[PDB]
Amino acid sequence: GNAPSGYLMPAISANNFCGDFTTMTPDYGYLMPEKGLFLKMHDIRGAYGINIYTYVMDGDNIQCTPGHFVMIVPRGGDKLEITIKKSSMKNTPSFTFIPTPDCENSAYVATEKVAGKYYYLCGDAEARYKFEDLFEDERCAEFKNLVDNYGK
């Protein structure tokens, strides 16, 4: 009913690509219908930057509005630094994700470019596993609690 879903998020210059999406370096997405949140994660040398968007549906389209940004930075001795910032509406992109009816290898594509490219949402189990492992990591309570308590 409200099970969350994970996505790989390659960025491609064309908005109508259908082929092998794994030739591109992906970000990761996580849709949480139980909370009305969409998370987008970017990896920089093992540190994670996660945007928490709020979303609503517009028919089949997922409309995503910036919320907060969580940074998770590994440090010596298996420590993590977790920090949270409010995202700016002016400086963090919004997304509208629309279906890809003609491509079975993607679930959605963005309506607008970011840095010249379209992000796709490609359904993916491993992306889901990555988020769910991070939520439940004993060191990540600050992140889990932000998400669990969000808007509430």
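The first residue of the shown sequence is 1; numbering continues from there.
- Stretches 79-87 and 104-112 differ in mean CA B factor, with 79-87 having the higher one.
- The mean Cα B-factor in the deposited entry runs higher for 22-30 than for the other of 22-30 and 46-54.
- Residue-level temperature factors show residue 139 in the highest third of its chain, judged at the C-alpha atom.
- Remark: residue 93 belongs to the highest third of its chain, ranked by C-alpha B-factor as recorded.
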